[PDB]
RNA sequence: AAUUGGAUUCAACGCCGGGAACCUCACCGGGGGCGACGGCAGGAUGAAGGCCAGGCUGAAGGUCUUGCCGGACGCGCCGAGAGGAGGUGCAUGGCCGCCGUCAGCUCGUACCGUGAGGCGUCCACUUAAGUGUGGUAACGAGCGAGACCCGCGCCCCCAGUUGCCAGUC
RNA sequence: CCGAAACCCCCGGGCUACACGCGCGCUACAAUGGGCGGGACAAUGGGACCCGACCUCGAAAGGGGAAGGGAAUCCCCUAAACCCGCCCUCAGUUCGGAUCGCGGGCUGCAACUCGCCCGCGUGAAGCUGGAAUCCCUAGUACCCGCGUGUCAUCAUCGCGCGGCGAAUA
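Chains as they are written, first to last, in the authors' numbering: chain Y, 1 to 50; chain Z, 1 to 186; chain L, 1 to 102; chain P, 1 to 56.
Set out below in structure tokens:
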């Protein structure tokens, strides 16, 4: 295992999501945002930034 | 495929089930398997000196034997039947498995030989042989040969008439090979 | 009516003839015209094998026979007169094929 | 560390290494392919239950 | 670099190999990697599994930099497993070669000998044979070998969709 | 006995390296011959990602199409030795086929190491073999092809079939 993985930011009475949501499949799958190159999370797909 | 191959397929089917069931049903006292093959549910007839072990200790073994039969074959509803062997002492393969347990147990050679000889001659054996190839508890490769009455003759209408049972009786110092050749009256 | 072929083979001699004879006896008397039980070949199968697991010295070599024999029977009876005759016990170990044409 | 599975993953499309028996579990040792894949050594032990006949 | 190993006079050398380009494969070179079940300390404060992209790899997120998902438990050792075609066939079971498809080995009762044993199973004749014959202080029996089983010549019965200008309007 | 290892996964290489020695075999030193053509003959067997009719293209290896066949009923399939006529006229050759250049097919991811075939060119040793030594006694040896196993592919092997058909005992 690999701690720490608290990368979701916090508002005062809300939450917000740091990372990007994929545009190939639907919402529910986050992007390992490299800055130019997007890995996929569910399975493992070579995606480029849109 | 054709006529020729299928018969051999069937006979190969006999071996894979007769090999496993022997090794398990040494507690029962294994003597055969009358295998009736159908498109409805493969009907195996397991031969034991004693049916009360094969069933199990409360249904477990008969269900266990129903359950491994589904894995090997493509008949997923195989029945189990237990028929007694009518003379297990006329059957040699029973006496081989029965002798193997006794040598596993540690009882002396000529003693463990005498009883055996005596129980099957009482049963009705024109003649009997027990051979025990093995270490014989030293480290020289010598067999001991226990001999009464008639024996296997010449050719092949020799081996069909007689019975022959083989069993590896395991030890923890080595091994001992248990051969038991019975000649029934005929 | 429907001309049926019973094509019946067996791996051993004693098992195949008893069924062929019994099939020609029970069918004889009812609504059946029956052509006689014809013997085709033995496709004797030779497996020719090396005995010794060393493959060493002289090794004596087993000849193997598997002999499979095929009797054939034409019959003129119904599909119901067919099952009546297919009642029979049959040796283990005896393949009985049925083609149906008019 | 971390790595993905292995149970062998190379070509074995055909040859002897393609085969194994249904009694002693070998590649190079004999595999009689008539729908009776065993080694020559097993074959001898098994046959009288098969119904093969020694006689020539 | 490794030319995997074993086999060694008959009885090791077309042998284990009835199938070595990878596979096989056990050898070598290089890259990468699982260790059960218990004890011990750790846990979800997010994977033990997956993954772009370079940087590296003969290739493999494999490895690092780097950023991250799906849903939830596993190192390090310590006993001790699974695995090993890793050693010992002078520790073995099985099977097999050769001596030997040879012609021997035993038991009963009797008999002889203080006894180990003998006799019989020896001798004569005869056969591939303790095979058979005669003799004989022996008479018989089992295994072996023999017949027994399978295959080959000739004929016949049962059965013919293989068989043919056989005989034929 | 081994325990990131004598495990495990992988690619590549090695077993097919050679100055040499031997064993078991194939092919062979020609007129009882070679080409070419024609004609008369078998048997065991094996055949579903398998045998492949037949038709077509390709010089061919093979490719395209496609019947039948899970089998006395279809396919591999042609036997080979034979004989008759024709050309050729005993030389290291029209023997013999090693070695090398090239063109080309076929299987597999892939045949340089290390496959086989087809065509053209290339065209090596060998012209009957010392000492020594092996096998066998009749449908056998001697001789000729034929199939199968294992099996994509390495068969001058192993098992098995029929054709010609003796010497000496």
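Cβ coordinates follow ideal geometry from the N, Cα and C atoms, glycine included.
For residue 83 of chain Z: DSSP bridge partner residues: Z:47
Host beta strand (DSSP E) of residue 62 of chain L (start-end): 61 to 66
C-alpha distance - residue 66 of chain Z paired with residue 55 of chain Z, whole-angstrom precision: 11 Å
Chain-order list of residues whose beta-carbon lies under 6 Å from that of residue 80 of chain Z (same chain, five-residue window excluded): 62, 65 and 66
Contacting positions in the region 8 to 29 of chain L - beta carbon closer than 8 Å to chain P: 11 and 12
Burial state of residue 15 of chain Y (16 or more Cβ within 10 Å): exposed
Boundaries of the alpha helix (DSSP H) in which residue 68 of chain Z is found, first to last residue: 60 to 72
Cutoff 8 Å: residue 51 of chain P Cβ touching any chain L Cβ: yes
Closest by C-alpha distance to residue 42 of chain P, when choosing among L:40, L:50 and L:35: L:50
is_contact[residue 14 of chain Z, chain P] using C-beta, thresh 8 Å: yes
Within 8 Å, strictly: CB atoms of residue 66 of chain L and residue 4 of chain L: no
Residue from Z:176, Z:7 and Z:19 with nearest C-alpha to residue 30 of chain Z: Z:19
Sheet register partners of residue 180 of chain Z (DSSP bridge): Z:130 and Z:165
Residue environment, residue 78 of chain Z, which counts as buried when at least 16 other CB atoms sit within 10 Å: buried
Minimum C-alpha distance to residue 21 of chain Z - residue among Z:72, Z:127 and Z:144: Z:72
Below-8 Å beta-carbon distance, residue 85 of chain Z vs any chain P residue: no
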